[PDB]
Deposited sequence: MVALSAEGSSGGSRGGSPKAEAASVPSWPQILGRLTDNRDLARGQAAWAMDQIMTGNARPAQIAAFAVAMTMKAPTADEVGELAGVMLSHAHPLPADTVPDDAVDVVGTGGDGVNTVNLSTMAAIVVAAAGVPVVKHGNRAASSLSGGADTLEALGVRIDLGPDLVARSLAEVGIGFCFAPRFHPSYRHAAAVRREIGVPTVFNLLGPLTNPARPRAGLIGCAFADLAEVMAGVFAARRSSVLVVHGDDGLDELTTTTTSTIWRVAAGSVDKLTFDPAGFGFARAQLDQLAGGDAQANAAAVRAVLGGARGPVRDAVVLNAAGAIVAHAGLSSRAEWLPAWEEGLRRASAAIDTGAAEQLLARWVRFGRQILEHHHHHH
């Protein structure tokens, strides 16, 4: 295999042969790729239109190089709550964890929201494991678990344009949770991302707000690719069906204040959006083992996690956990 071979195939608008995407990603992560080669690959794959097989190979290589969490430290039913791209997902994650569903998130700075809240984001595998056990939630700092991806990440920022690489974050949570609510801002790639989760037998709702959000929106309908039993089912979701009023898009350090307000019981469109996304994660969680009863239960659990103060308390306990390390 070679870069001219692989780049040539892509520029010819052909799908890659089995293993080729993997070879490319492994070159990129073993420091064997020039920035120009990385950029050419990211762009060419994007314009060719990536397959789930291809994106799967990319994510597979990344996870093969990643620092794992220690053995038997991630519950079988842990979930992620995240988008391709953060205020809504951070809150939803806390609420989901507070409802009793273990959450392990994965991210990087532009993570900023959590720091502003007093959470310690840069922990190693053993301490993330302890956080997950003792608090019910953990955060994997992406640079710390994916050191070899730094070359790729640098090129991402240099070219600016979105590419297939924008999918890899949610697909390479180093804790490897089997479930989640996953936002995707790119309607065409959402389906591909869903296929990758399907191949892994994950239980995920891949969500794309029809207003463009990488979260379940309250301003209008959302497209959901429901992934369960290795298959993908495409659905349109209307929050009005669960009694939610339509919000305006503009209503959705600043984030930290917003987090404190919602967890404190503030009513409004932000809370509604948090509750909706938290419920989505809980439905995805239920999928590891009916759509309407599942959503109704998810919504009850999410609302109760806030209203009882459990979500607010969990964040406080999370903050305290880090200050005691």
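Exercise. Which residue ranges of the deposited sequence are not present in the modelled coordinates?
Worked result: Seq positions lacking coordinates: 1-25, 111-116, 142-148, 291-295, 333-335, 372-379.
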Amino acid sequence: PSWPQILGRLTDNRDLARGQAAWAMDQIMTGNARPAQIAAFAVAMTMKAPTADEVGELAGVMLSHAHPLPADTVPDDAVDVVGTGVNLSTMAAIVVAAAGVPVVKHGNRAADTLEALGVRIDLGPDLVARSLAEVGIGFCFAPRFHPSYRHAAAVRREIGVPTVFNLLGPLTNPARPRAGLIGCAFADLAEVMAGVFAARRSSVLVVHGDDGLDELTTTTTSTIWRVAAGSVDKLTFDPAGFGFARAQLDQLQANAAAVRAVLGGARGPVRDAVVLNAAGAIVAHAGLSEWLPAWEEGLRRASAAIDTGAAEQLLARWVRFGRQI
From here on, numbers count along this sequence of modelled residues.
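Exercise. Is it true that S289 has no coordinates in a third or more of the other entries in the comparison?
Worked result: Looking at the other entries that model residues on either side of it, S289 is missing from at least a third.
For this session: Using only the Cα atoms and their B-factors as the entry lists them, report which of 111-119 and 134-142 averages higher.
Result: The recorded data point to 111-119.
For this session: Return whichever of 121-129 and 161-169 has the greater mean Cα B factor according to the PDB record.
Result: Result: 121-129.
Exercise. Whose CA atom has the top B-factor in the entry, of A71, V196, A78, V207?
Worked result: Of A71, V196, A78, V207, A71 has the highest C-alpha B-factor.
For this session: Within this chain's modelled residues, let me know which third the CA B factor of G264 belongs to: lowest, middle or highest.
Result: Answer is middle: the recorded C-alpha B-factor places it there.
For this session: Taking the chain's C-alpha temperature factors as the reference, tell me which third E297 falls into: lowest, middle or highest.
Result: Middle third.
Problem set entry | Chain-relative CA temperature factor third for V86 | Ranked within chain, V86 CA B lands in the highest tercile.
For this session: Please place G287 in the lowest, middle or highest third of its chain by C-alpha B factor as given in the entry.
Result: It belongs to the middle third of the chain when residues are ordered by C-alpha B-factor.
Exercise. For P102, does the deposited CA B-factor place it in the lowest, middle or highest third of the chain?
Worked result: Lowest third of the chain for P102's C-alpha B-factor.
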